[PDB]
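> Here you go, one structure.
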Amino acid sequence: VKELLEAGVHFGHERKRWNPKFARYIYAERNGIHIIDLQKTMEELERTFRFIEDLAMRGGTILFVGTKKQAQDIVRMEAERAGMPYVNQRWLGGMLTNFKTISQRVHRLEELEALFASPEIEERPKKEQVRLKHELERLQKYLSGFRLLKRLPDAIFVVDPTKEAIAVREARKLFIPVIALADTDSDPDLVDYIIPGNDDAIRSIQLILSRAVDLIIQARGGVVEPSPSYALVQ
RNA sequence: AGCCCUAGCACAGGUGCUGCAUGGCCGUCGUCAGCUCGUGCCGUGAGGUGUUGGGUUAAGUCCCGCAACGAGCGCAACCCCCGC
């Protein structure tokens, strides 16, 4: 069930803010805007999903990254609808790269789940009370989907590679293959498996992402509903 | 044997010089909000980033941001005096 779904309103997006590297994956410039060829979207989408399968079934790990308004919450869903880690709030420099050291923050996060419910729940010099228990805040805020990552991922799934270029560059440095939902800002050449689509339309992001998580579960049996994600659409 | 007295021998002694050979301890900028490290990222490189920025503080005090994430010597606190 694809075909026209994307053609809902999730074809073409950005306008003359382009990157001529994307000249291939475009149909026409109607009414001032760029409109992306969907035949080609599919051509790529298969190969891309086919990648997902082959490493999904092998029991891989995809690191999901979306931070635009229009993604964000739709990432902490489908990622968690998959047990797959995600970055949602802000991409920290060296997440893949300085990983060992960024991890030390998770090493130190879950020292607080301990003292969440412990003899240290309503005691200790109680200015420390809030500050320690408001330190977990920064921690829970940024490392929500990141705590699961215990080893470097086998892939990264991105929704805007020119927004998330800092992550991508980290990937490729580590040869971690880059998967991305990407439109006419983004430089294809450094996106390994490409889903030429729409970095912005909240509909588009979901239509694609959710369905890609579907294969991640289909490759381990037990698919469900249209999935807990239909946004505050209006 | 110990120890004392005279003639000898090693050695004692020196507030004699060198703070520009030094230890130690002090003074000083200055109780000023600073000075750095680890890993990553940038740069052929010295280096940079971090520590720049906005709000806030007695304070690099916190906050919000951010290719950085943290850490040490600082600041503050743990000590003493005075107030109930």
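Labeling convention for the structure tokens: chains A, B, ... as they appear, residues from 1 per chain, ligands from 1 in order of appearance.
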Could you work out which residues of chain B fall inside 10 Å of chain A? Count only C-alpha atoms (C1' of nucleotides), and format the result as a ChimeraX atom specification.

/B:38-41,66-70

> Using only C-alpha atoms (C1' of nucleotides), which protein or nucleic acid residues come within 12 Å of segment 113-123 of chain A? Drop anything in the same chain fewer than 4 positions from it, and give the result as a PyMOL selection string.

chain A and resi 106-109+127-130+132-134+136-137+139-140

> Take the residues from that selection and put them in a file with N, CA, C and O atoms, as a CSV table (one decimal), in the first residue's frame.


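Dumped everything to again08.csv:
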chain,number,residue,atom,x,y,z
A,106,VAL,N,25.6,8.1,30.2
A,106,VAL,CA,24.5,7.2,30.4
A,106,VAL,C,24.9,6.2,31.6
A,106,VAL,O,24.1,6.0,32.5
A,107,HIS,N,26.1,5.8,31.6
A,107,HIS,CA,26.8,5.2,32.8
A,107,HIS,C,26.4,6.0,34.1
A,107,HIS,O,26.2,5.4,35.1
A,108,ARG,N,26.2,7.3,33.9
A,108,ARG,CA,25.9,8.2,35.1
A,108,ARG,C,24.4,8.7,35.1
A,108,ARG,O,24.0,9.2,36.2
A,109,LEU,N,23.7,8.5,34.1
A,109,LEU,CA,22.3,8.7,34.1
A,109,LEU,C,21.6,7.7,35.0
A,109,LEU,O,21.0,8.1,36.0
A,127,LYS,N,19.2,20.5,49.3
A,127,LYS,CA,19.5,21.3,48.2
A,127,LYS,C,20.0,20.4,47.0
A,127,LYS,O,19.6,20.6,45.9
A,128,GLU,N,20.8,19.4,47.4
A,128,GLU,CA,21.2,18.3,46.6
A,128,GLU,C,20.0,17.6,46.0
A,128,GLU,O,20.1,17.1,44.9
A,129,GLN,N,19.0,17.5,46.8
A,129,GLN,CA,17.7,16.9,46.4
A,129,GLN,C,17.3,17.3,45.0
A,129,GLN,O,17.4,16.5,44.1
A,130,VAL,N,16.9,18.5,44.8
A,130,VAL,CA,16.5,19.0,43.5
A,130,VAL,C,17.6,19.0,42.5
A,130,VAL,O,17.4,18.4,41.4
A,132,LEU,N,20.4,17.3,42.0
A,132,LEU,CA,20.6,16.0,41.5
A,132,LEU,C,19.4,15.5,40.8
A,132,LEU,O,19.5,15.0,39.6
A,133,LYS,N,18.2,15.6,41.4
A,133,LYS,CA,17.0,15.2,40.7
A,133,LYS,C,16.4,16.2,39.7
A,133,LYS,O,15.3,16.0,39.2
A,134,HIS,N,17.2,17.2,39.4
A,134,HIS,CA,17.0,18.1,38.3
A,134,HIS,C,18.1,17.9,37.3
A,134,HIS,O,18.1,18.5,36.2
A,136,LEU,N,19.0,14.8,36.4
A,136,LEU,CA,18.4,13.7,35.6
A,136,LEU,C,17.5,14.3,34.5
A,136,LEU,O,17.2,13.7,33.4
A,137,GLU,N,17.0,15.6,34.7
A,137,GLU,CA,16.2,16.3,33.7
A,137,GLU,C,17.0,16.4,32.4
A,137,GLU,O,16.5,15.9,31.4
A,139,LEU,N,19.5,15.1,31.6
A,139,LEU,CA,19.8,13.7,31.2
A,139,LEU,C,18.6,13.0,30.5
A,139,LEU,O,18.8,12.5,29.3
A,140,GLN,N,17.5,12.9,31.1
A,140,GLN,CA,16.3,12.3,30.5
A,140,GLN,C,15.9,13.1,29.2
A,140,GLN,O,15.4,12.5,28.3

> Going by DSSP on the backbone, which bits of segment 13-172 of chain A are strand (DSSP E or B)? Write them as a count of residues only, please.

16

> What is the atom CA of residue 177 of chain A-atom CA of residue 196 of chain A distance in Å, reported with one decimal?

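Between these atoms lies a distance of 16.4 Å.
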
> Of the candidates B:35, B:84, B:48, B:79, which shows the shortest atom-to-atom distance to residue 60 of chain B, using only C-alpha atoms (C1' of nucleotides)?

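Among the listed residues, B:35 lies closest to residue 60 of chain B.
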
> Could you give me, as an MDAnalysis selection string, the residues within 12 Å of residue 2 of chain A, counting only C-alpha atoms (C1' of nucleotides) and dropping anything in the same chain fewer than 6 positions from it?

chainID A and resid 8 10 38:39 41:42 45:46 204 207:208 211:212

> Generate the output file for the selected residues, C-alpha atoms, as a JSON list (two decimals), in the first residue's frame.


[["chain", "number", "residue", "atom", "x", "y", "z"],
["A", 8, "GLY", "CA", -1.19, 12.46, -1.01],
["A", 10, "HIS", "CA", 4.31, 14.39, 0.15],
["A", 38, "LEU", "CA", 8.00, 9.67, -7.27],
["A", 39, "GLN", "CA", 8.72, 6.87, -9.74],
["A", 41, "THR", "CA", 11.27, 7.82, -5.04],
["A", 42, "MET", "CA", 10.03, 4.27, -5.26],
["A", 45, "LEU", "CA", 12.63, 3.29, -1.58],
["A", 46, "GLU", "CA", 12.73, -0.43, -2.40],
["A", 204, "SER", "CA", 5.27, 12.62, 4.82],
["A", 207, "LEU", "CA", 3.94, 7.91, 6.02],
["A", 208, "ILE", "CA", 7.57, 6.97, 5.41],
["A", 211, "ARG", "CA", 6.12, 2.10, 7.28],
["A", 212, "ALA", "CA", 9.89, 1.62, 7.53]]

> Find, counting only C-alpha atoms (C1' of nucleotides), the residue in B:32, B:7, B:50, B:76 that gets nearest to residue 62 of chain B.

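Ranked by minimum distance to residue 62 of chain B, first place goes to B:76.
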
> If we count only C-alpha atoms (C1' of nucleotides), what is near residue 142 of chain A at a cut-off of 8 Å, once residues fewer than 5 positions away on the same chain are taken out, given as a ChimeraX atom specification?

/A:87-90

> So the first atom is atom CA of residue 138 of chain A and the second is atom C1' of residue 59 of chain B; what is the distance between them in Å, to one decimal place?

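Spanning atom CA of residue 138 of chain A to atom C1' of residue 59 of chain B is a straight-line distance of 24.0 Å.
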
> Which value, in Å to one decimal, gives the distance between atom CA of residue 19 of chain A and atom CA of residue 186 of chain A?

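One can read the atom CA of residue 19 of chain A to atom CA of residue 186 of chain A distance as 6.7 Å.
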
> So, with only C-alpha atoms as the atoms that count, which of A:158, A:165, A:26, A:205 lies closest to residue 187 of chain A?

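Of A:158, A:165, A:26, A:205, the one nearest residue 187 of chain A, counting only C-alpha atoms, is A:165.
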
> Would you please give, as an MDAnalysis selection string, all residues of segment 8-220 of chain A that DSSP assigns to helix (DSSP H, G or I) based on the backbone?

chainID A and resid 8 20:23 38:56 73:78 80:82 99:109 111:116 127:142 165:173 188:190 202:218
